[PDB]
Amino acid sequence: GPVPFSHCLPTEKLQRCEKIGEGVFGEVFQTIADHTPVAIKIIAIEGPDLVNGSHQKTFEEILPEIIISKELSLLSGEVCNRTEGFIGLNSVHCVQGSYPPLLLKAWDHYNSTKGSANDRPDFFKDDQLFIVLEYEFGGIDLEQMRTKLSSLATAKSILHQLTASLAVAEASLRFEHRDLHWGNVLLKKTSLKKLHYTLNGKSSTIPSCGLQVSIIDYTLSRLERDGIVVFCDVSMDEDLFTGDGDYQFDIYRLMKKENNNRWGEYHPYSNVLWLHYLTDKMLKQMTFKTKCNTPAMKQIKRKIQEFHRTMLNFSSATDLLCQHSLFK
């Protein structure tokens, strides 16, 4: 049955919590235990209050995200289809209580410095249920790194890492991410020169450029095992297909066109659509500390531009990884 918050966030861990992100879903905090940072995602469930302007999910509605988190985390320890490019899942708990005052303090600090679009989560009663997901800390999102990357060479490593992770998940799980906006691509420093993956038993490497990429946020994702499909049915959602002002919002429409509004089906072209949106961000919105000033950098730019104009003619991330010249 549900545990108190203190089960997940013993005092010292709660005292070290800093807010790092948010969405309509709820709140994300960073903390530390056994000298290791972790990210804690907290989602209210089962209650009647609007939270951030939206109804709370039921436990049945939140289960897909929990299941998908686990399956993608487990890919780091598999053999035939192996990738560390998702995000590690450490634990999941169902908690009952009002929001901890120490988390309110962290929430207020973020509101003061960065500003929040959410409600201050101070209105929950002591019977409120939450899902608390503890993840590996994955670094900083690509959107927050808009002005922080070295060069377009780094962009190439990032797109290769994303494409490989998505391909491995296609092959093992018939996975579609379905919401891979640039807030959901995390970057962390690595001392490894090369990152390793295995796709259908064939192992390969990717030069890191000093960064390891982690894909997060499985709210809209789909996968299947042995014919049992886990997904978010958005066929009757209005608002998801009516956004404007960013190619992101076109991707939701383009996915609905590809799948004829049947969200249980497998359409791995959606992963190609998201990779095209990310490549577009790399070329149009990211700005690098070092431009392509030399001939050999102008070449990497030309190859990423060629990827942008050709990739929509590939059927899946697997097709892109295996056949696109960018990755040869």
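A residue's number is simply how far along the shown sequence it sits, counting from 1.
Worksheet item: On average, are the C-alpha B-factors higher in 191-199 or in 83-91?
Response: It is 191-199.
Discussion item. Going by the mean C-alpha B-factor recorded in the entry, which is higher: 139-147 or 179-187?
Written reply: According to the PDB entry, the answer is 139-147.
Practice prompt. Using the entry's values, work out which of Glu170, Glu71, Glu134, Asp244 has the largest Cα B factor.
Written response: Each of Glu170, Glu71, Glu134, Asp244 was compared by C-alpha B-factor; the highest is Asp244.
Fill in: Options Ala164, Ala117, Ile158, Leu223 - largest CA temperature factor per the record
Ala117 has the highest C-alpha B-factor of those listed.
Worksheet entry | Within-chain third of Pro10 by Cα B-factor, per the entry | Within its chain, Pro10 is a highest-third residue by C-alpha B-factor, going by the deposited values.
Discussion item. Can you tell me whether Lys57 has a C-alpha B-factor in the lowest, middle or highest third compared with the other modelled residues of the same chain?
Written reply: Middle third, going by the recorded CA B-factors of the chain.
Practice prompt. Among all modelled residues of this chain, ranked by Cα B factor, put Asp127 in the bottom, middle or top third, i.e. lowest, middle or highest.
Written response: According to the entry, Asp127 has a C-alpha B-factor in the chain's middle third.
Practice prompt. Classify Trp274 as lowest, middle or highest third according to the C-alpha B-factor given in the PDB entry, relative to its own chain.
Written response: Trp274: CA B-factor falls in the lowest third of its chain.
Practice prompt. Using the B-factor values recorded in the entry, state whether the Cα atom of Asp280 falls in the lowest, middle or highest third among the modelled residues of its chain.
Written response: Within its chain, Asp280 is a middle-third residue by C-alpha B-factor, going by the deposited values.
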